[PDB]
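*Asks:* For reference, the file entry.cif (mmCIF, C-alpha atoms and all ligand atoms) is included below:
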```cif
data_entry
loop_
_atom_site.label_atom_id
_atom_site.label_comp_id
_atom_site.auth_asym_id
_atom_site.auth_seq_id
_atom_site.Cartn_x
_atom_site.Cartn_y
_atom_site.Cartn_z
CA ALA A 3 81.36 70.72 149.23
CA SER A 4 84.06 68.23 150.33
CA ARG A 5 84.00 65.02 152.36
CA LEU A 6 87.05 63.65 154.22
CA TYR A 7 88.61 60.35 153.33
CA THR A 8 91.89 58.58 154.22
CA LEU A 9 94.18 56.41 152.16
CA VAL A 10 97.04 54.42 153.70
CA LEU A 11 99.97 52.78 151.89
CA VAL A 12 102.05 50.19 153.74
CA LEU A 13 105.43 50.66 152.11
CA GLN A 14 108.52 48.67 153.03
CA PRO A 15 111.91 48.95 151.36
CA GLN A 16 111.14 46.40 148.57
CA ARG A 17 107.39 45.98 148.57
CA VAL A 18 104.02 47.66 149.02
CA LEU A 19 100.75 46.25 150.34
CA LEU A 20 97.64 46.79 148.28
CA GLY A 21 94.14 45.47 148.67
CA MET A 22 91.61 44.34 146.07
CA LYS A 23 88.15 45.50 147.12
CA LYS A 24 85.42 42.93 146.51
CA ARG A 25 82.37 45.25 146.47
CA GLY A 26 81.23 48.81 146.48
CA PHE A 27 83.20 51.89 145.52
CA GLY A 28 86.46 50.84 143.81
CA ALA A 29 85.55 47.12 143.57
CA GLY A 30 87.88 45.25 141.30
CA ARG A 31 90.86 47.59 141.68
CA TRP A 32 93.97 47.39 143.82
CA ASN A 33 94.35 50.36 146.21
CA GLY A 34 95.59 51.41 149.59
CA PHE A 35 93.39 51.08 152.64
CA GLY A 36 91.00 53.77 153.79
CA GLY A 37 87.58 55.26 153.92
CA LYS A 38 85.46 57.98 155.49
CA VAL A 39 86.58 59.80 158.63
CA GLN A 40 84.04 59.68 161.46
CA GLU A 41 82.48 62.30 163.67
CA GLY A 42 84.85 63.19 166.51
CA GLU A 43 87.80 61.34 165.03
CA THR A 44 90.94 63.04 163.74
CA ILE A 45 91.99 62.31 160.14
CA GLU A 46 95.04 60.35 161.34
CA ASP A 47 93.02 58.28 163.81
CA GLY A 48 90.59 57.61 160.94
CA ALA A 49 93.48 56.46 158.80
CA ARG A 50 94.77 54.10 161.49
CA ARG A 51 91.32 52.62 162.06
CA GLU A 52 90.65 51.96 158.40
CA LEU A 53 94.06 50.32 157.91
CA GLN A 54 93.36 48.14 160.91
CA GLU A 55 89.74 47.29 159.88
CA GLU A 56 90.46 46.60 156.22
CA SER A 57 93.91 44.94 156.32
CA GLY A 58 94.10 43.41 159.79
CA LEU A 59 97.44 45.09 160.48
CA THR A 60 98.32 47.14 163.56
CA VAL A 61 100.06 50.41 162.74
CA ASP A 62 102.23 52.41 165.05
CA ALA A 63 103.60 55.56 163.26
CA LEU A 64 101.76 57.03 160.22
CA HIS A 65 103.34 59.74 158.06
CA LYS A 66 101.34 62.27 156.08
CA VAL A 67 102.37 62.13 152.50
CA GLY A 68 99.74 63.82 150.41
CA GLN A 69 96.31 65.34 149.89
CA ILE A 70 94.30 64.65 146.71
CA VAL A 71 90.93 66.15 145.88
CA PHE A 72 88.78 64.14 143.50
CA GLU A 73 85.88 65.50 141.48
CA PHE A 74 83.44 63.43 139.50
CA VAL A 75 81.77 65.68 136.91
CA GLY A 76 78.15 66.21 137.77
CA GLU A 77 78.51 64.95 141.35
CA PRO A 78 78.33 67.68 143.95
CA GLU A 79 80.54 66.24 146.66
CA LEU A 80 84.33 66.39 146.25
CA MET A 81 86.42 63.67 147.89
CA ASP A 82 89.22 65.17 149.99
CA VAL A 83 91.64 62.27 150.38
CA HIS A 84 94.39 62.49 152.97
CA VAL A 85 97.16 60.07 152.02
CA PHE A 86 99.47 58.43 154.60
CA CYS A 87 102.26 55.90 154.55
CA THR A 88 103.76 53.63 157.17
CA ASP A 89 106.61 51.10 157.27
CA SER A 90 105.99 50.22 160.93
CA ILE A 91 103.34 47.58 161.25
CA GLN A 92 102.51 44.55 163.37
CA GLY A 93 100.68 41.42 162.31
CA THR A 94 99.91 39.79 158.99
CA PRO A 95 97.40 40.98 156.42
CA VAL A 96 94.00 39.31 156.63
CA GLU A 97 91.84 38.38 153.59
CA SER A 98 88.17 38.97 154.27
CA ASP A 99 85.04 38.87 152.26
CA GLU A 100 85.49 42.62 151.60
CA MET A 101 89.20 42.87 150.92
CA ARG A 102 92.03 40.73 149.50
CA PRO A 103 95.48 42.12 150.46
CA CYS A 104 98.62 41.24 148.54
CA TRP A 105 102.26 42.38 148.59
CA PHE A 106 103.74 43.80 145.41
CA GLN A 107 107.38 44.24 144.54
CA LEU A 108 108.00 47.86 143.63
CA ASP A 109 108.68 47.14 139.99
CA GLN A 110 105.43 45.12 139.62
CA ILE A 111 102.90 47.63 140.89
CA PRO A 112 99.69 46.78 139.04
CA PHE A 113 98.89 50.23 137.61
CA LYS A 114 96.55 48.88 134.90
CA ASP A 115 94.27 47.45 137.65
CA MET A 116 94.46 50.48 139.94
CA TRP A 117 92.66 53.84 139.85
CA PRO A 118 94.18 55.72 136.98
CA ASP A 119 95.38 58.65 139.11
CA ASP A 120 97.79 56.30 140.92
CA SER A 121 100.12 56.26 137.86
CA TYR A 122 100.68 59.97 138.50
CA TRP A 123 101.34 60.16 142.25
CA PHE A 124 102.53 56.70 143.27
CA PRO A 125 106.01 57.40 141.84
CA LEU A 126 106.20 60.45 144.13
CA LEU A 127 105.15 58.39 147.15
CA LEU A 128 107.85 55.80 146.32
CA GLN A 129 110.55 58.50 146.17
CA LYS A 130 109.46 59.84 149.60
CA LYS A 131 108.04 63.03 148.12
CA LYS A 132 104.94 64.81 149.48
CA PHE A 133 102.25 66.15 147.21
CA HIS A 134 98.99 68.05 146.62
CA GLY A 135 96.81 66.81 143.81
CA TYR A 136 93.45 67.33 142.11
CA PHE A 137 91.87 65.01 139.61
CA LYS A 138 88.66 65.54 137.68
CA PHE A 139 87.06 62.30 136.53
CA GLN A 140 84.30 61.50 134.09
CA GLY A 141 83.01 58.22 135.38
CA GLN A 142 85.59 55.97 137.04
CA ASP A 143 88.02 55.37 134.15
CA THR A 144 88.64 58.79 132.59
CA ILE A 145 90.77 61.65 133.88
CA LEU A 146 89.60 64.86 132.17
CA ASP A 147 92.18 67.09 133.88
CA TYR A 148 94.43 67.21 136.86
CA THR A 149 96.99 69.08 138.82
CA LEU A 150 99.80 67.61 140.87
CA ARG A 151 102.62 69.30 142.71
CA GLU A 152 105.30 68.43 145.15
CA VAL A 153 105.24 70.19 148.50
CA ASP A 154 107.41 70.35 151.61
CA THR A 155 104.50 70.03 154.00
CA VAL A 156 101.12 68.44 153.31
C1 LIG B 201 87.93 59.03 142.94
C2 LIG B 201 89.00 58.31 143.73
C3 LIG B 201 88.82 58.03 145.11
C4 LIG B 201 89.76 57.32 145.85
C5 LIG B 201 89.62 57.06 147.25
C6 LIG B 201 88.46 57.15 148.00
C7 LIG B 201 88.76 56.89 149.34
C8 LIG B 201 90.10 56.70 149.42
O1 LIG B 201 90.62 56.82 148.15
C9 LIG B 201 90.94 56.94 145.17
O2 LIG B 201 92.04 56.27 145.65
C10 LIG B 201 92.89 56.21 144.57
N1 LIG B 201 94.14 55.55 144.67
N2 LIG B 201 92.37 56.81 143.50
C11 LIG B 201 91.15 57.27 143.84
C12 LIG B 201 90.18 57.97 143.10
#
```
Have the structure of the file written as structure tokens, please.
*Replies:*
Amino acid sequence: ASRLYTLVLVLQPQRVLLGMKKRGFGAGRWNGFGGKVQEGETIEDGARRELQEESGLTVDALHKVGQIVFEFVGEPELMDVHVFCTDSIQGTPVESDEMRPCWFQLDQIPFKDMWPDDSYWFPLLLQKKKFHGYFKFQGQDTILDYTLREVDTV
């Protein structure tokens, strides 16, 4: 009962790019860039497309860094989120009516205004670790339970 999604973090040695979504799912939080994977598209090509569509950047190499399954209690469909990072981009982030991108220094990551799971796995991403996670939410603000482990391959 799972649907594929991508999430891409643009992570340079001293800063990370995040976007504030204006509407829809996740509005009002900072997050990486991503969305649903399409019919006939690989997960990685989906990740590249969503980065490009939502941020305006052009990405060359993407690196798999994690997989997180999200459950919302009562909702049948699980979100199977494939997480990628890149430090090899072209262009400048573009603010649109849907998305406002902003660079953050690594010691000023805005965890209080991000999805609450990010506090758990972002520190792993920043230390170049790979991970498998599962988070069970009740509504959008409450983590009921979770698992998170480091892995050598995603
Ligand atoms: C429930 C949930 C979903 C997503 C998501 C959907 C599509 C891409 O990511 C999240 O992203 C983060 N950082 N927490 C998240 C929680």
*Asks:* Using only the atoms of ligand LIG 201 (chain B) listed in the file, plus 3 Å on each side, state the axis-aligned box centre and edge lengths in Å rounded to one decimal, as JSON.
*Replies:*
```
{"center_x": 91.0, "center_y": 57.3, "center_z": 146.2, "size_x": 12.2, "size_y": 9.5, "size_z": 12.5}
```
*Asks:* What does the list of residues within 9 Å of ligand LIG 201 (chain B) look like if you count all atoms listed in the file, written as a ChimeraX atom specification?
*Replies:* /A:6-10,27-28,32-38,70-74,80-85,116-120,123-124,137-139,142
*Asks:* Hey, can you check how far CA of residue 44 (chain A) sits from CA of residue 125 (chain A)?
*Replies:*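 Separating CA of residue 44 (chain A) from CA of residue 125 (chain A) is a distance of 27.2 Å.
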*Asks:* Which residues come within 9 Å of residue 31 (chain A), counting only C-alpha atoms, excluding same-chain residues fewer than 4 positions away, as a list in words?
*Replies:*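 Once the adjacent positions are removed, what remains is residues 21, 22, 23, 24, 114, 115, 116 and 117 of chain A.
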*Asks:* Under the rule that only C-alpha atoms are counted, which of A:12, A:75, A:108, A:67 is the nearest residue to residue 152 (chain A)?
*Replies:*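 Closest candidate: A:67.
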*Asks:* Tell me, as number ranges by chain, which residues lie within 8 Å of residue 93 (chain A), counting only C-alpha atoms; anything in the same chain fewer than 5 positions away does not count.
*Replies:* A: 58-60
*Asks:* Mind checking which residues fall within 7 Å of residue 61 (chain A), counting all atoms listed in the file, ignoring those fewer than 6 positions away in the same chain, and posting them as a PyMOL selection string?
*Replies:* chain A and resi 50+90-92
*Asks:* Which region 23-128 of chain A residues have any atom within 8 Å of an atom of region 153-156 of chain A, and for each, what is the nearest pair of atoms with distance in Å to one decimal, counting all atoms listed in the file, rows sorted by chain and number, as a tab-separated table?
*Replies:*
```
residue	atom	partner	partner_atom	distance
A:66	CA	A:156	CA	6.8
A:67	CA	A:156	CA	6.5
A:68	CA	A:156	CA	5.6
A:69	CA	A:156	CA	6.7
```
*Asks:* Give me the residues within 6 Å of residue 14 (chain A) as a PyMOL selection string, counting all atoms listed in the file and dropping any in the same chain fewer than 2 places off.
*Replies:* chain A and resi 16-17+89
